[PDB]
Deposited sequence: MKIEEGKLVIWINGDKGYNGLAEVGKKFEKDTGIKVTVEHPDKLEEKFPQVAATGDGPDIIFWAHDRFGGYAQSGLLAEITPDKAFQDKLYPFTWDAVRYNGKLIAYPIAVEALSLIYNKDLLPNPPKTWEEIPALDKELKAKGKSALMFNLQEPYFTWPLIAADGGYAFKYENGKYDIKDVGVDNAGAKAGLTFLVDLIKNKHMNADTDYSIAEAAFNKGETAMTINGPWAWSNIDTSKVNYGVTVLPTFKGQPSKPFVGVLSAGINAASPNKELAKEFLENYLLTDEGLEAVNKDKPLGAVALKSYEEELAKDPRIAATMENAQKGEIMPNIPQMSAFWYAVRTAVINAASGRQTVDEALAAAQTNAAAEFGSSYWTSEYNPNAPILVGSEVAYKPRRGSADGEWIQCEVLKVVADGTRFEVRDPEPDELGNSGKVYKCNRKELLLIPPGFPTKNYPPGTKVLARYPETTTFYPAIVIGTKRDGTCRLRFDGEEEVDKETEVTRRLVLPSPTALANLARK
């Protein structure tokens, strides 16, 4: 039998109520005699396809519904089999979010939307408009506070502002999303992102702010407002902050338009435990008692289960969540969503940091949101392996040196690439073109690096005055991020962090 057989393994994001979910697990364990293990690995939405594609991975995966069409298309999700009596228990809107090609491919759990969260003591009357935020920040800075902090590293949190004046992901025409009609580079999207960039230029926000920083600042009473979802309320309750949850500010007189996500639970197509998974989800989790256990840990939002929602509906924070949801739009679940999110993430980060202008960043996003991408076989905790796009720079291993190449084509669902060494070759002055697989290339990340390699790490690094990557060892990393290296088989050599990659020889 498969190693996975005879138990349940469940993945859920670290910002959700995994401890509450484990309480539901324990009830199931008591009745069935079968073990349930809840895990919350980092980047689980990226890890899941890699492990599920080999027939491994968790039996049940939790994520917002947007990523599930891609998983389903890829053959990674089982069609679920709820009967009509069970289907009646959940709102039809929520079932719709988990349909792909007319089939139910997950169980819906709860409706999520971002709201404006504000400190009632610092700010009893929060601003109705984005335009009011600069003056409010000027006022608050005089007492060593700031107006607003929210996660600028995930485009989810900036999307409501991008969409407000007309930005959109994919246009919905004739019952379907048109992957050739992307709206991230129209006047509305430009206006919203420009407003964000201006907030940063004018020192009302910091481009480096992430989820943890914004949460800590709000919960410690340092900033008067944040933008977050229901899952965040528990930590605020525990803090000493008196908070309200309200409608997002308008931009150019129009509502902010947050994406609406339905937290959903899919069953791995390869799981030998599909019946156990169905029993857990239908008979334990999607009950008043099951959802209450998770919700008590971290709030779910507006739950899919009608009977339990009749209670939560009266919570003013839930009223605010649904007001914001109504003003927004349900995320698509099409397979192109992963490419869309990589593209918008990169545009927001690059524009916020000033590395690119708004126009430059959104033009690139428009192109790439609609593109096929691949990933290197080689994974590292220190360097990303995706997305490999047309126009990406990679190190390629000719059939221990690797050579710098540009990606010309990505084909066969990212399993085959056409890459070009742009240096003149005897067979063409424009450079030699190679065809390769995922094991033969490494992504050179195009953006500012995020993590140091620990001293002693074997790496591949571009040698000064060359376009060739050679094996080396990391001696250390400077404050500015520069790598100090000893190249194999040659003073130590300083190489920019961007040009230092994982070593497949070491990884293998």
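The chain's deposited sequence has unresolved stretches at 400-404, 496-499, 518-522, with no C-alpha coordinates there.
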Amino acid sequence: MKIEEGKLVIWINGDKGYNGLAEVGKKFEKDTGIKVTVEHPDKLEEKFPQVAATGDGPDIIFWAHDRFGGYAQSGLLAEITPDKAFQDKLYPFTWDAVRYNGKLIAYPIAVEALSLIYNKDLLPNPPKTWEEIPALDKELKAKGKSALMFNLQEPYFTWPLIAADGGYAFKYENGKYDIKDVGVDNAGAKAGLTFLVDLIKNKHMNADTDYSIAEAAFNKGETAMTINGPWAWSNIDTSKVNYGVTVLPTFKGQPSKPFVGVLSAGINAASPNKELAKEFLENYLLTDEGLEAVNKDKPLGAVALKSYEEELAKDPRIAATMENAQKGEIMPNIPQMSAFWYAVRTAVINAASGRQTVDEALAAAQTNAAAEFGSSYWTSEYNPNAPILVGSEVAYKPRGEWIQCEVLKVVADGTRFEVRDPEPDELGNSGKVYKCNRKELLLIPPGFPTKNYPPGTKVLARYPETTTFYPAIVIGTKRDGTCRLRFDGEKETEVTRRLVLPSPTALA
From here on, numbers count along this sequence of modelled residues.
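Higher mean CA temperature factor, per the PDB entry, when comparing 294-302 with 428-436: 428-436. Mean CA B-factor, 312-320 versus 234-242: the higher value falls on 234-242.
For the set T158, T194, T129, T367, the PDB entry assigns the largest Cα B-factor to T367. Among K30, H40, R67, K451, the highest C-alpha B-factor recorded in the PDB entry belongs to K451. The PDB entry assigns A361 a C-alpha temperature factor belonging to the middle third of its chain's modelled residues. When all modelled residues of the chain are sorted by CA temperature factor, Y463 is found within the highest third.
In this PDB entry, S212 carries a Cα temperature factor that places it within the middle third of its chain's modelled residues.
Ranked by Cα temperature factor within the chain, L152 sits in the middle third according to the deposited record. Ranked within its chain, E112 lands in the lowest third, by CA B factor from the PDB record.
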